[PDB]
Each structure stands twice: as structure tokens, then as C-alpha cells.
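The structure appears below as C-alpha cells.
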Amino acid sequence: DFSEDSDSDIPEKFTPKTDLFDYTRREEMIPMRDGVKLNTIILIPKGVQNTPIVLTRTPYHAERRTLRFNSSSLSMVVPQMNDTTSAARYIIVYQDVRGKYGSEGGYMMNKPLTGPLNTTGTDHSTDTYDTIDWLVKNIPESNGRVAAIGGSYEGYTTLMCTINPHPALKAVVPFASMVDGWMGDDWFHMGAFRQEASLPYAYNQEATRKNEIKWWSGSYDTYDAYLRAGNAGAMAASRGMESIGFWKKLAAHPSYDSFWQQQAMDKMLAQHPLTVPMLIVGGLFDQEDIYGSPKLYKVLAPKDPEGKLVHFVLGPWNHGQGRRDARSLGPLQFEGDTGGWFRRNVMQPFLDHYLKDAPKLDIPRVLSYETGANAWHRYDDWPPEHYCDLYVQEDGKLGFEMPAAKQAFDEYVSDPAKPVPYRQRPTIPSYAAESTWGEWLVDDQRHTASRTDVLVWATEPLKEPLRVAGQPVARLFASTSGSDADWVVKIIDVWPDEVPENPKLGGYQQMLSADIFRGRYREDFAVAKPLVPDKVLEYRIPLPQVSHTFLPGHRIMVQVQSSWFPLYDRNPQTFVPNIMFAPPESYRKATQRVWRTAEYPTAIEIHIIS
Amino acid sequence: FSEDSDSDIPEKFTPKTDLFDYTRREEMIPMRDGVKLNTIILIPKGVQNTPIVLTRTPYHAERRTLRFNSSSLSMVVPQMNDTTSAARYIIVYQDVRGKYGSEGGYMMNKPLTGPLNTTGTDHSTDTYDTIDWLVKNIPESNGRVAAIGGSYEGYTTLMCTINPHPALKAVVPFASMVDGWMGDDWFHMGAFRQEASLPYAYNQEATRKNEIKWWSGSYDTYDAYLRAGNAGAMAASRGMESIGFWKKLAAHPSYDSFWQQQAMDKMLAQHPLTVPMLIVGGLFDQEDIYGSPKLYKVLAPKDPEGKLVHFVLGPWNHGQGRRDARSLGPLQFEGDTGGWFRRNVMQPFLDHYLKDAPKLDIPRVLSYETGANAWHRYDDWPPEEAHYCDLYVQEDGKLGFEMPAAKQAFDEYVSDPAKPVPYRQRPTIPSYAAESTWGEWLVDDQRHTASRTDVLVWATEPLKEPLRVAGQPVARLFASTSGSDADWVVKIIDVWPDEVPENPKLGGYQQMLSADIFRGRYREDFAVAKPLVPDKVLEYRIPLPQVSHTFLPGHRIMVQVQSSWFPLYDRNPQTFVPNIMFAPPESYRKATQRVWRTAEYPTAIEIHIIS
Amino acid sequence: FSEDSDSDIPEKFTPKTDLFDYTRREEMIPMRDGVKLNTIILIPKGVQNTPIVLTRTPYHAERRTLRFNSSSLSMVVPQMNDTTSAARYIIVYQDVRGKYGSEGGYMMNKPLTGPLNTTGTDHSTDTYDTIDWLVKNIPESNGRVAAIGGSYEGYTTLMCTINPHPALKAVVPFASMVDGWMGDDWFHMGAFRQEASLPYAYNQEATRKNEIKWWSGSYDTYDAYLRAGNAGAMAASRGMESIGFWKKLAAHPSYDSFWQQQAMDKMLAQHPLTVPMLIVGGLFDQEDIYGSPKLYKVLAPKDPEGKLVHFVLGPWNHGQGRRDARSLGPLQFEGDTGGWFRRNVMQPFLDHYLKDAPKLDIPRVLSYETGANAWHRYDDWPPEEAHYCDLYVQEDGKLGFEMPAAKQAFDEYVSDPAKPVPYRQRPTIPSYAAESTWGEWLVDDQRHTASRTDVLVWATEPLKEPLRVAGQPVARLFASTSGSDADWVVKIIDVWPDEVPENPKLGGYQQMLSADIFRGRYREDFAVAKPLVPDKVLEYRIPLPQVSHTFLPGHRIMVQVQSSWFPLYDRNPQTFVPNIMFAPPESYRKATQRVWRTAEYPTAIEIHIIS
């Protein structure tokens, strides 16, 4: 029928040939209780009947998530997180959340449950119930049992499935979840705004439904671009983000007010009954959500006194390594594929027990991978069942001896015109093709150790191995000549002078645990308060979890600085109502002093285990 | 705005571009039939009375004009437009009819209105309507336009010269699609390029906006295409029965009226030559190695005084003439030859015809000689001191100037279609793959085929003095097969010395220099497929890709002959079938191949040596 | 041979070398005082009446003539001898007196017989005695000799010209050791290069044949040299008290009579110029940046007719002039500049004076201009339109041609010797390490120091038009310190555009172009150490390495000032001490530094701008 001299070569409707494929790709627009339809992609393996469903709710294009590679094999199209479920021939379902890509409705960044912050009548929990109810009734190859798994935002939606859960939901696996974006997850770390992690993200995810408009750049080095803008508000304005909803929310709520308090997932889940078995999967070097997963176990563990529901896994992983291969992270090398080992030996037996009635594998309450020693440990609690103070001392020393001094302090000048680069320049966006953003938390800290606007303390080389576990807390007694200040505290494992197993790692200042504190929230996280100039004030800074052995020949190091640019916006070092729109005149040099006396003993509070 | 209910995504978002050094104008220009074409106009800020540089593409004009998502004009344009962007030209990219943002139907390389186009419009009429709108609606322009582009964009550049708009002042066609059957993208002298054709026809023609893309079931393509058996079963496994260009490829395996009427060299020869042309070809172009030299050959006699036509032949692969070209695989050239050509030859060429700038004395032929690493000014291609001689295949794997004796002599091998010779070392992957080295393949080390028993090898002794070659080598092959069909692959190789002090890792390197394939069924007529007489010594004329090279002292000249180049080319069954696209499995049989070297049958490479 | 008892190793073994294209002749030539020097003579087979190219080295002649263990002469000789090997010259490498295979005592860069040499022999007498033997005992020789070499081999090449043998017809000294105190290997205007001097003196002088080598207890040299405190404690930690050159360095920290009488530029200026000289210098020489330009400066007026001295300044690091030089770090040049110079300039220069081949018109000054990427023929260095301009440091981190009118204006920083500025990003490793990038350190990105509070930064706005600079930039620094001693590091940087279309990963790249350090105690006189006046504005004249550069549009000109460059240079205590080599730990104190920019004190970079 085709005419070679006039007809278009492109057919009116093309349908790819998928009869040689080992799976069926079912695309559906499931209507919610308010009539709004959500784009749902259902991957049913061929040759199977009565198989469980593994569900993931994503704001990152379900049709691209279920197409890792353009392949005829189900094992090749699914994300690496779904490797064990694909091998077990589960039904794999990816759904676009309300308002994103193929799904209808409006979009609200991490849409909270119905209440004071949500008056739409629906939320992620109601949308999940309507989705699961349709899947268990309209997929004949299913056994009527559903599980929800996912990382970061997909981990946030996974946690939302447990609120008023559908009877078909049997278990959840939330990886590196978004729990509290203000306290220490994606947008802020104890008040300090993550301008680089928030602004391009909000632009790409909220300018259009289908990410058709993406963040433009005028400079390869982001350090220079964010410094020239002066503040986060001017960078957002330079991209015309005034109409972007999440930027409106970020600019209007810089403090831990009612908006962030009511959204805290750990606070929310504690105020709800716990019935869905949970496998909390966290990473020690998670550069995006290091606060989420351990805080989640801390408040959910007393709700499960025995251990019939809540399980916590803490591996040596960056943000996404728990969901993929993890044999190494930067120059650190672990004992085999830790990520692959976890999903095959812990996650799949966990899922198969609640979804296919398979024998229940004895999983500990806490499964922690100890770095340095390179071993998985079965623990009853986190931290496991001595607390010690590691004091900053004179001549750049770090030790367990309490200073008996009357007036002793270490001094440096912090200049906002020259902020300390969080990494060696050029600094590039996390999504750039040549980005090592995933390896930044194990970065060598020697580039800052030589700086005059950074303080350094270190122990003598250790003769015997030292084991640390749990959460270190920095008891910082510090003074500033200004009326505001950011306080960065880093715990570093200094490798020996010479390393026989890897010579080029000699003297390597490996960052182990580090975090920032915006001083204006010292007395109250909800109310921004000015600091008294030259006055010595006490700071309580809990740092990311540690599960490490400081091996013999290694040193324990502490580094203190007043900036971490361009990841965090600069503190002007003079009090302003909102640092998002701080005037250029407010950015001024300040004399910073870390005190170490009997009255003011600055130290790291660590759990040492034998 | 209510934080408790309102959608965070605004109804209409417009990016902030007032701090950009350029303005982006997106226009749906209506053609003479009412069909609108998506046109992306990039105007440098503050500029006035500047020319326009137009490129017509089937590869997403909105993506071509966004190399990087930048506020700088220098960063958004393809590297090809680096000199035009620096000169502050208006850069325009338009989606061709039926592709991406444009309306209408899509016909693969849509030919001129006539027996193969009854729609009423073609690329030349669409170009005329586009140029007319541009010079009338862009006030920053001086009313002068030039068309530049490579491959398909080179084909559209050539179509601008047919019934040209008076505002078109010059054209720069790079590595253009000229003859898809004779030796460009789809076939090489009848041998079908299944790997370059099937995934490309699928991706560009399944949907208007390339929303449905070629799927894979195997990493190694060699394995995938061999298991399918023939090109037809590979196309049917992807459900390509409704894709128009596949229907054309399957219905026209021979060089019939369909391909003869579409040959750009033959078409442009029948039309007036009025627009100045700068033909840019590459010596190692892995996609369109036939087009550019054939274009100069047919258009040079139409311009005797050398007023409009110029031919540039660089040491480039398919895309290197339009970007940086300091090296290609292990070969290292004297600086960025790509950037050197655009800044010193292409930009002064354009500036003269578009801004009345002083006329640069560009030669008739600008040829880069490999080995010697030097650009030459030539009056013709090949240059006319010079001498055209024969390089005879000899006994004991020798290659020399000595003519063969009368006595019976030949080299024998068995070609097994169940074990086709891989065109590259395995695993073979598609050209678009992230880790693909498809652009470097024409300079591959041929040592992997040299030790194979289903491959014939001949080599000279190490040269004591340099040997210079220029022009097109022609293989005069006298060969017999025990089958009724055969493919004949002829390769010219520069064998690097045993030890190389400049780069030790390159010792013994059998660098491919000029190679092509001939489908034996088209020995007497390219338009009609005829069977080969079994065991009969038959003569083949195989013209090979252009050369401009110095075989340096210590180097050897090598000739390799084989009967398969898989999976890039589909296998010849070695038994005559009406259509090799749908050849049944029983037709694929082993054959005894003989390359004869006697006084009566002197197999040789006809090369043009220059002093 | 008995398989059950006899040793498998024969008493005497001789390698089979009759398949080699060269003859290796090894001789112990006696000097005028009876001391024998190990000489390795490589004679190409099948050649008579061919010249000799001599190289005198303290770096194992038997190892230098064995680049690769090969049967081909082109494979055993250093890349420097690639053109002389192809021309089939006799290549000779000799161990200098007291090193490896040679007899006698060893004196580091043994000066001519005089107040610093009472032995009766020197490099010039040993050369005369060597050339006389070679011309009388090699029958394949034509009787003509040329001396070529780089660094120490360049220093011995320069010594061949003092009272030269009648057979010496030409010299090609590359990146020569001229003045180890002023700005070459050991010191740069007083600042001691501890990392370059101590491991070298240890390896070259602990034993005759380098059998005992410098040991290490730390991967990062920054920490190791900082823990030592001073250079003296570092030398004591390896037990270098008996090492002769260390005794000389420790006893002569200032530019006294020891260093003054050894300056090759001052020494050659008070000697007749008879031997044709081809001075080969590199723009980015990380070892001998001072030597070669200073040689032309003092030897050019001795040859006003330009019939003997020629200066060549390429875009090369220390060793790139003697090998392949297509790039340096992220910088990319137009082809192999190193190979281009040796084939087209050095070989025709040698063949004219050694084989009577036609004289090539070599310019007086042959300079490669970076940025523009072009070789220029100049009549003098710097070229004569040209004018001297002042590039003033200004307020708000600005740099411009506007002279300040302010009465009180300066930029302040605190220099902390406990935290010295790392000369490179850590870990800093020795130059001889396998993974070392020591050769690319002068083109290092300077953004790591730009954000530091103990570093001052000034930059122009992006250039609208290109700015060409040539010759030697001189830093006229007006600075004060709260201490009584200081080091002043002045850096000239080419800031690449915010975004680079040719190479995106190079956006914002603070490329170092020309930089040097000045030891403050020598402000008024290099020969005597003098304390600085605390809190007083003092004038410093700091000549910086040669420039031949075009600051392209979009690029910025940047100046950076700091007080340390560790561990390459030892720390200035910042309090006056008699000898910094043995400076006590309590002498190292923090100091408030100020760079003034007033009408009375206008700190600027004196640059030669050309049209």
C-alpha cells in the first residue's frame, strides 16, 4: 500500500515488537479517589503466576527508571536496586508521583499528609492506598501482596506507604530516606543552607512537569558563580525562580519553624502506629541524607521493643551505593561488593518471608559495617552496649587529658570574601558527567589543614587499634567577634606516613564524620538569635554516625573552620533577619576562637568499644 | 501563593535570559504548502548588519543549538560553528520537514520533486522559503546567508544550491551523504551496511521525535547479527515492516532507478553551478568516504577556472572536520588540523562572500598528507612530478612492481559464512554506544586478520626511501570462487617498522589506510544482480578510498584480501539468491577462494605515486 | 660442558651484535694528568667520513646510550639524538671526571682552573683531551665534532667552548645550568630549593656509581620537610655532613665570591666567542628557567653580526626541548614543537658546520608564542611596534594600567611559617618518583592558593581584544612586613574564560605563566644578607621568567603574591637569622605583610607589550 514517492516513512502509530522479551510492560493511568490519574508502569515477568509486587513511587520519570538499558531482558531494564526482586521474578512497579512527568495533578515538593500543610484532600499515603487497591484487583499474575522499596525521595514515598497502610502492604525497604531536610538531610544541616543541593534541584524538578526546562550555567567552577551572586536569593533571582514553589517555601522558612517541624518524618512516624515491617538501610558516607536513616531507627526502635518490625542496616555506602555495587568508595576499599551482598543476603530473604511465606532469616536489630576493620557486625542496639571525651589541646594536640588551663584558645580569622572551598576547585554540580560528588565525604582534608582560616588537632600515631561506634557529639566552646557564625567540625582518620598496601595513600587525611552548625540557632532552632560578640558560647553539634577502627599507625584528627563553600551559603558573620537575602555590607571578617580550658573544655564525645 | 494547596510548578515558566550574550528566537516558519518548520535563530547581543549561517538537520535543532546548557553563545553551538560564533554571525538551525519540532511527513533524504517526490515540495523549496523569511524578518542581518553542515546536514547544504535563493552567497558541505549505495552510508558497491542502516532507520523513523529507540538483547553485535542470519530477520525481529526506509532498502538491493536518480554527484552535475562551494572531506571518514571526492570530480569540470568549487581533504574521521582533530587513534597529526581549517580557510571563505572581506587565495585542492603531516596546495585531485603504476600481488606473501610470469599461480583460502571475519576485534558494539570507538575504526591495527587462514596477505620489504601516494587507488582483482556469489574486501595498509622510537607501542602496527568491499553479484552491472560462474577466474574493478600519504623508510606497503566484514556488512551467502536481505539459512555455504597472479590474470593495486 | 657439575654461567660472555646496525666502542681515554674517562662511542654501520656528536654527562653514559635494550641505534640513543642517529652521525657519551665509569675526583659543576679549582684540570681541558683522542682514533670520523646536551649536559656543552679544540665546529646547549644561585637549580634570588638540592647531592655524591640512594620515611614531602624545620636538619637526618656540595651550599647561602665566579653567563662574557652556539631554552623550564635567556643577553653583543649565537625559546618544560612536545599539562601546542625544532632547526645547523651542507637562515631569536601557538622570527629578545608598560595592582582585587593616586592604600595578609603555602596541591612527591608530574608544575592551576587568606589576588576584567606580551616581566614590589625577613612570591597568571568551548573542564583555570620568589634579606645586595625594617615600605625589583604569550579575548591577567612556596623552597623564618639553613625553631614567627598601591609606592608588573 505504501507509496515510495509521496508517503511519510514514519507510520501513524508505532508499537515496538516485544514478544521475544521475558517481561510484559503494562502502562496504566490509575485514577485516585479525587479523579486525578497517576502514570503507573507495571513490569510482569513472563512464565509466572501468583508473584508478589515490589512498588516504587518516584518524582524522577517512571518510564526512564524502568529503562536502565533499552533491553529485551527484565534484569537489564530495572535499576540495580531491583536486581534481587527481578531475579525472584517479582512484579516490578514504578509510578510517577502526583504532578510529575506522566501523572496528572499539581506537584508539592515532599507533599506532607493531609492537615495544616496539606488542604488538597489527598497525600502520598492516600495515593498509595488507591494504587495498591487497583494493582491487587487488576493484575491477575499477582499473589495480592505488595512491598514498597526506594531510596532518597523514593525512600520518603516508601515511608508514606506505612501511614494508614493498605492490607496488601506486607513490608517496606526505605534506603537513605529524606526524613528532615532542615535538621541535616538535603536542604539544610542544622540551619546552614545547601544552596548548591537545593537551587538547581528545585529549578529542574519544578520549572515544568516533565523537566523540559533545565538549570543553565555561565561558569564551569560553581565556587566562582555562587560567590559572585553574594547570597542564595540573588542566585535564585538570576534564574528567575521567584515563581518556583519550593524556593518560595525555602525563602519564607529559613528557621526550623512550624513548616519544617510538622514535616519531620521521624517525628511524624513516631506519632503513628507501626504495623508494617521496616528494613532501614543507611550509608556511613551518604553525601545527601546522612541524618535520615539513623534518626529513623532511634525513634521507631522503642515502638518495637523486641524486634518483630524495625531493622536497621548501616553500610559503608555513599548516597546510592546501598542500591548498587559497593566494592570501594574513592581510595577506600571494602571486602567485596557490600551493596550486592546486602540485597542478596538480607533484603531478598526479608522480602520473600513477608511476601512469599519463605523461612524467616534471623536478621539482627542493627547490622553495621565497621570501616578500617572491614567487617559486618550483628548488634542489639545503635550504639552497641563506653562514652569518652577527646579534648582539643595545646600545640595542635588531641587527647583524653582534660585541660587544666585558665585562659587557653586557638585563634583564626574567617573571611567571607574568601570562603573555604568544601572540595578542591574547580567545584562542579553533582549531576555533571565527571562529578565525584558521591566520593566527597571521604575526601583528603590536607588542602584545608595548611590553611590559616582552619584549625587542626591530631593525636600521636596509635600503637593499638581504636574502635568507635554510634554518634560523635562535638562539645564546642567558641567565641566570634561578629554577631553570627557557621561552625564546621570534621573527624578525620589520618593514614600512616607510609602505606605498604597502597603507597600513594601516605599521609592521606581521610574525612570520616563531619557536619556544620549555623550559630544563630544555638539557643532555639525555630528562632534566629544573634550571637554576643567576643563572648564564649557552648555549641552541641551531633556529627554523622561512625563505625570505624582507627588502625595502628593512624591518627585521629579534628578540623574546625567557619565556611564550606559553595555547597553551603556563606554566613555573613553579622546578624541579619534572613541570610538568603543578606546585603553585601553584612559580610565581614571575624576573629574566631576555639577555647580549651577547665571551664570551657572543647572536645568530641565518642563511644569507644572493646 | 498558598503553601498548603497550590502547585509548586507554575503554569508557564520562562527562563531568565537577559544576562545571556545572545538572543534565542524560536519560529515556526510556514512553507509554500502551509506546513511549518521549527527554526532556531541565535542572534548575538548588540550585533547589526551580520550574515546568517544556516544548518538544516533531522537531529533535533533545539538540541543541536544546546551543546551545553549555557548563557554563552560559544558554548551552545556545535564546534562546527566556533569560527562563525566568534565572528558574531547569526546561527540558525532548522528541523527538516517531518522531524522533531517540524510539521509534515518525513521522507529519508527527501529527493527533488519528480519521479521519486510527488508531494510538491523538497529540501530546496523548503530552503528557499526559509531563507526568504529569515532575510525579511531578522533585522540584525545584512541579508546574506551561507549553508554549512556535515553528513545529512551536508546533504541538506547541497540541496540549498538547487534553484538557490538570491541571498545564498556560499556553501560548506562537510562529509555529505552523496550516494548511499555506491559507497556512503547504506551500501558499499552493493554490500549492505546492516549495522549502520537498521538501528538508524528505526530511531529516526519509528516516531517523529525519536521517542521509540532500538532495543538490544546482546552486548556483542557480531553474535546478535549472526544469530539473525540475514538483515531481513534482524529488521523483522524489531517489527520494522511499517518503517518506510527499510521498505525502500529491502525493495531496492541493487543500484536500480531508485538509487541512480538520488545520486547527488549525478544530480548536481545536471543543474547549474552558481553558488561558491567548499567541499570538506575526510581521509578516514567511517560513514561517507565516497561523497566528497566524487562531488569535486563531477563539479570541477563545470568550473574550469576554479571560481566556485574548492576541495579540502583532511586527516579526519566522519566528524573531525567539524571539531578538534589533533589525533585519530594511535595516529598523531601536526596540531589541531580541524580547528586550523575552520579558522584559516573556512572563516575567510565565508567572510569574503558574506562581509566583502579580502578574498583569500584558497587552492583548487587542499590536501593533508599523512606520514609527512603537511598541507599541500594542489591544482587538481590527484596532483598532475607524478606517475600512475601497478602494485602486483606475488608468491611467498610478497608485493612488488615486478609483473607476474605466465605459469599458473594463485593464493587460496576458504571463506566460511558460519565464521565471518569480524571487521573489528570483538566485542563489536553500535556506533552510538557510550564507549564506542567507531570513529577510529578505519585506522585499526589489521594484525588480528593477518594471522587468519581465511584472509590473504601480501607485503613489500621495508622501504629504504619514502614512497608518496595520492588520489584514488583501484584494485584490479582477478579472483575465482567455488560458489555462485562472493564479497571481496581489499585493504591497503601501512605496516609501521619493527621498532618505533617515537612511540614504541606502535612497533609492527598494521595501520589500515584505504579499504573497501565489493558485492560480487554486481560485477558486470551495478543495477542487475548476476551469479558468478563457479571456479572461473573473473576480473573485478574495486576503486578504494582516497589516499594522500607518505610510506616512510622502514615501513611496508600491505594488501589484505578477505570475503567478509561482519557485523557492519551482512554476510554474502556465497550461493546466488535473488535478495541477500532474505537469504535462507541453506544458502550460506563454504567456498574456496583464489586470488590469481599470472601474466593473463595480474591482480594488482593501481596507485598514483608522486615525486 | 658437564651438566652435573659445571656452572651454567660462562666465565666470559659477549652479546651477539653482528645483526645490529651500529658498533658500540667503549674506551678509557687518558687525560693530560693520567686520569682515564669512560667514553662510549656508537658508530653506525656502513658509513665513513661522518661527524661526531659528543655529550659529557654525570648521569651514567652506559645507561644514557641504552634508552631501550635494542639492535637499532635509533632505539638506544636519547630522543635528543633522534636527528643525529637518522643522519648516521657517530654518537659519543662520556662519563664526566669522578662519575660512574670514570676515574678521578668529583666536583659538582667543576669550574675552570682558577681560585675555585687548583687541580690543574677542568671540563674544558678534559674535553680538549677527549676530542683530540676521538679525531685521531676513530677512522669512520670526518674529523669534525659538535657538542650537544641539556641541563648538566648543557653545562658541559658550554665548557667545550672555552679554549676549544680545532675540531669543535658547533654546540647545542639545552636548558643549561648557568647560575645555580640567581635562578637555576639550587636557589632563586636567595630562596633555597631544598627539595631540588639535597636528594640530588645525596644520590650523585654519596658514591661514584650512585650505589646508595636517598631513603624516605614519608610519602608527602610537605610534612617531611616541615617536621625537619630547616634544610640543615633535613641534610643532617640523612648524614650528609661529609657530602661536598652540601658543605658548599651550607657555607655559601648568599651570592658571595663562590657563586659569582661560577656564573656561566659572567664567565662566557669574559672569554672569546668562536664556536657557533644554538641556545635552546624553554618557557616552562621547572629546573633551569634563568640560564638560557641570560646566555643570549650577555653573548648577543659579542656577536653583533649574528654569525655565531642563536636563541631558541620553545613552549617546553625542562626536558621537552630534547623530546616530543605536543602538550604540557592541560596546554596543547600546534604539533610536536620539540621534534619540529630538532628536525628543521638543530639538524640543518649541525649539518652546515659539520658536513658543509647549505646554511639555513636561522633567525637571531626563534620564539614560540603561547596562546597564539606560533613560531616567530625575531631580531632580538625582547623584539624591538613595542613599548614598556606598568600593570599596577589596584583596590578591590583589580589590576590595570591606571597609576594609583591614593596616599594610604595597601592589601594586607598574615604569613604563618607554621602553615606554609604548598607550592602544589598535596601530597607533594619527589621529582624522580614514577607518578611525578614535576615537569608540568609551572602551568599548575593557581585556584588552590587564590582562595587562601595568606595569599593576595589581583586580576583584570576579561579582555575584549588580544594582549601580546614578550620578554622579561619585572615585578616592582612595594611591600612591608612586621618581621625582619621575608620571601616574596610573585605570580603572573592567565585566567582562562569562565567557560571554555574547546575544553569545558578548563573553565576558570588560573594557568601560571611566569612566577618567581625573592629572598628579602638580599633586597639591596645579593652578596650580603641584611635584615628588613619592620613595618617599613621597602622597594623590591624581582625579574620574572620570560614570556611569549597572547592573552586571548575572554581571558584575564592575574597577579598573586604570597610569602612561602613549600616544600620546594625552605621557609623564610620571617625574623632575621645569620643562616636560614640552620634557623632555630623559635625564629619562625607569624608576620603581617602589606603590598602598597599609592602614588609614592605604586606596586606594578613592568611588561613589554607588542602589536
Side-chain angles (χ1 to χ4, degrees), chain A residues 2 9-27 43-47 66-77, chain B residues 108 185-187 191-207 210-253 417-420 422-423 426-433 436 438 564-573 577-588:
Chain A
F2 174 78
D9 287 338
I10 305 172
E12 226 74 90
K13 186 191 89 182
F14 193 82
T15 304
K17 189 173 154 74
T18 59
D19 54 282
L20 282 176
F21 288 38
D22 71 332
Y23 68 99
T24 297
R25 184 181 295 266
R26 197 177 166 178
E27 302 195 10
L43 302 176
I44 320 108
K46 285 190 181 178
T66 53
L67 207 74
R68 188 185 166 220
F69 297 110
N70 199 0
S71 172
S72 54
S73 302
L74 176 76
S75 62
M76 289 290 286
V77 305
Chain B
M108 176 74 68
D185 293 289
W186 326 121
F187 306 80
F192 185 51
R193 278 153 78 87
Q194 49 175 8
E195 263 211 288
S197 303
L198 299 180
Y200 179 87
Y202 191 96
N203 292 336
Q204 296 291 114
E205 301 196 338
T207 53
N210 285 48
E211 290 175 316
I212 296 172
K213 285 183 192 186
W214 180 270
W215 56 264
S216 184
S218 186
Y219 184 74
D220 186 23
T221 60
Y222 180 102
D223 236 279
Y225 283 87
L226 188 59
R227 285 185 210 174
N230 54 44
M234 192 72 180
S237 71
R238 264 71 172 171
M240 292 182 69
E241 288 87 349
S242 62
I243 287 151
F245 193 52
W246 165 244
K247 295 176 94 72
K248 291 167 182 171
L249 289 163
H252 305 290
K419 281 175 169 164
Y423 84 117
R426 276 166 81 201
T428 62
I429 60 170
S431 62
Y432 49 81
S436 173
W438 158 252
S564 53
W565 234 359
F566 200 77
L568 179 51
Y569 294 92
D570 64 344
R571 302 165 303 145
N572 192 297
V577 295
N579 202 340
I580 295 168
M581 297 295 194
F582 315 103
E586 325 93 70
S587 71
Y588 295 84

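Letters go in sequence order (proteins before strands), and every chain restarts at 1. Side chains are part of it too, since the values below use all heavy atoms of this structure and drop only hydrogens, waters and symmetry mates.
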Any idea which heavy atoms bring [X] and [Y] closest together, and the distance?
| X | Y | answer |
| --- | --- | --- |
| B:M240 | B:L198 | CE-O, 3.4 Å |
| B:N579 | B:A250 | ND2-O, 3.1 Å |
| A:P45 | A:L74 | CG-CD2, 4.0 Å |

Please confirm whether the backbone N or O of [Y] pairs with a side-chain atom of [X], one donor and one acceptor, at under 3.5 Å?
| X | Y | result |
| --- | --- | --- |
| B:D570 | B:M581 | no |
| B:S436 | B:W438 | yes |
| B:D223 | B:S218 | no |
| A:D9 | B:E205 | no |
| B:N230 | B:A583 | yes |
| B:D185 | B:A196 | no |

ring-ring contact (aromatic ring centres under 6.0 Å, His included) contacts touching residues 225-251 of chain B (sequence neighbours left out):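 Of all non-adjacent pairs touching residues 225-251 of chain B, those that pass ring-ring contact (aromatic ring centres under 6.0 Å, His included) are B:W186-B:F245.
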Which residue in the set B:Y432, B:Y200, B:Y202 passes ring-ring contact (aromatic ring centres under 6.0 Å, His included) when paired with B:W214?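 It is B:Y202; the other options fail the test.
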What verdict does the side chain to side chain contact (heavy atoms under 4.5 Å, CB included) test give for A:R25 and A:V77, after you've listed the backbone C-alpha separation in whole Å, the side-chain angles of each residue and the deciding distance to 0.1 Å? CA-CA 11 Å; A:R25 184 181 295 266; A:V77 305; 4.0 Å; yes
Kindly confirm or rule out a cation-pi arrangement of B:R571 over B:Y588, judged by NZ or CZ under 6.0 Å from the six-membered ring centre and within 45° of its axis?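 Yes, B:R571 and B:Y588 form such a contact.
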State whether a side-chain donor-acceptor pair under 3.5 Å links B:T428 with B:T221.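 Side chains of B:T428 and B:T221: pair found under 3.5 Å.
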Name the atoms and distances for all side-chain donor-acceptor pairs under 3.5 Å in residues 13-21 of chain A, with sequence neighbours left out.
from, atom 1, to, atom 2, distance (Å)
A:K17, NZ, A:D19, OD1, 2.8
A:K17, NZ, A:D19, OD2, 3.4

